[PDB]
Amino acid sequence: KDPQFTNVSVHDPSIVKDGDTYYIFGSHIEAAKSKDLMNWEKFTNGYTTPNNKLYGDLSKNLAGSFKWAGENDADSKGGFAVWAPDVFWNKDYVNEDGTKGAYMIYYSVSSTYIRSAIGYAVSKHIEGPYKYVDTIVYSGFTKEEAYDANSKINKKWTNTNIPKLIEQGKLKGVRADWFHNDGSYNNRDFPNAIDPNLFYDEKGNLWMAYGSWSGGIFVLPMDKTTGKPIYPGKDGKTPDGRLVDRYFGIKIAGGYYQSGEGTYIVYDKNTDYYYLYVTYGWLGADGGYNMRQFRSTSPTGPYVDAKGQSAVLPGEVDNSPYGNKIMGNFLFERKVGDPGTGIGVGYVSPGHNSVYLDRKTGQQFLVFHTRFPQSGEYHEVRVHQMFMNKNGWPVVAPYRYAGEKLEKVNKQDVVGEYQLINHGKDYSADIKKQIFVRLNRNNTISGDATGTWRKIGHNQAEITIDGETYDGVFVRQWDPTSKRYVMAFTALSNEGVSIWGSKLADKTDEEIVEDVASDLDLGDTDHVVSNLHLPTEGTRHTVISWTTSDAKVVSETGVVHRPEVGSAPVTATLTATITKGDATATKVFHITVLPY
């Protein structure tokens, strides 16, 4: 009855459901399918060309886009760069043969941090092969003629699709503000055209939101029929002050060179909210990708967080205060004495997500790529279920989706000790690990934090710590370390902080110290040539202190002193005294140290 998982490495996944089957489409022409959001099979060949699984002859097909960026050019020297797509079924799209209905993949191509463009391709079948249509949004264009190093491409704006639009009367003409004084692209205020996301709204209209760092995230209204932007055509401001551009659209997030990418927007027909997901930080293992969360009553904004702050920054400022941090770097550390093996389950730089909102059950899933502790830049896809908390915010489940659903939750299954992770607001390469609290039968919270708690209705959690209230739900989770299903909670404060709870198994101190003793292993102590690592700490704050029988062979801290060449091997005995509260255990380790 244990869950089975089959993983795949798709960067920047973007989920879509097609009948019985779930599909995700990532960067680098990578894509996979699942029937259960747990077992994925990849079906693509990547950047292979031709016979490219998605695009066929990659270079000739998408050449309309590669005239501008993303092929053997600058940062895509000797390769391609096809980034962060989105895929959906457009029942309204008029084909080349007059019939209506097609799959659309909206993709990015890029060659610098600013020179890039969004284009799209259509197809009879969702697995491809897709067939180019147009290139609709450019960035990194210049006021006069110019070139990037190791690039032959004239960057002047007259090389984009802008002149054609000025002809068709869709734009007045070039906006001066797009350029600095030196005539270069003004990405302080204007976007980098990648990461398109396609969403329908409440009345069934189509929209594309897009962008990464630089000037921010923009949204454009989309002609359901052709697949092309209905450009604003005139500059202006939104009623609340947000920039509207004639070409780029409406600014809904970010700005002033700060991070933010992987836009995904969903209309919730029940809460009547548009939820904006965005990822902060830098994608690699030392860059700290966060996922951030905002909402608006309009698809155009203004999008705000649980604190009621704008996703659009006021200037070059720390962006970390803004947006619900719904997931950062974390590790449910498997300390000495915890069941299972390994370091525990953790993520490094999770993010660039899509969302699937099921029409039948109303269950919501978060879908993202992530790296892992101790694994460098290796990454896999992960799915976490989201549940709607009492304030109209989806709250993310602590663990990957394993078939769980909301249930009636009984108080006696909630009471106990919890490992708790508080994702906070700051972010870095720091991995956040658990503290130890308990939810007591008297509805107080004691341990590494102090406060009160309430179950409300079938499963609503309310957690109060030091005058902050975190609202979310109690829900059952798969803990892959102890290999059991566990009680868990996730809750969100109106500071936009998320806290996670995973319930430890019930144990008394006398049981903890004996679990610690049985787990405490120094490895092979028979042929010792290096220093030994002696853990001073076991699970649930158990102190482990050490003594040695002979400091000349090995110290209290595990530093060994090998005999000089041509000596007899030497031995000492290390004693671990293990104490949790009033309990005590002892374990002895016999050490043999080899001479040089």
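All residue numbers are counted from 1 along the displayed sequence.
Averaged over CA atoms, B-factors in the entry run higher in 54-62 than in the other of 565-573 and 54-62. Higher average CA B factor: 115-123, of the stretches 314-322 and 115-123.
Highest C-alpha temperature factor among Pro191, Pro299, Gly79, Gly351 per the entry: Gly79. Of the candidates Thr464, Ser502, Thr99, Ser212, it is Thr99 whose Cα B-factor is highest according to the PDB record. In the PDB entry, a CA B factor belonging to the lowest third of its chain's modelled residues is recorded for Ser259.
In this PDB entry, the Cα temperature factor of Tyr247 sits in the middle third of its chain's modelled residues. Per the deposited record, the Cα B-factor of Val554 falls in the middle third when ranked against the other modelled residues of its chain.
Placement of the Cα temperature factor of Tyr356 within the chain: middle third of the modelled residues, per the deposited record.
Remark: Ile445 belongs to the middle third of its chain, ranked by C-alpha B-factor as recorded.
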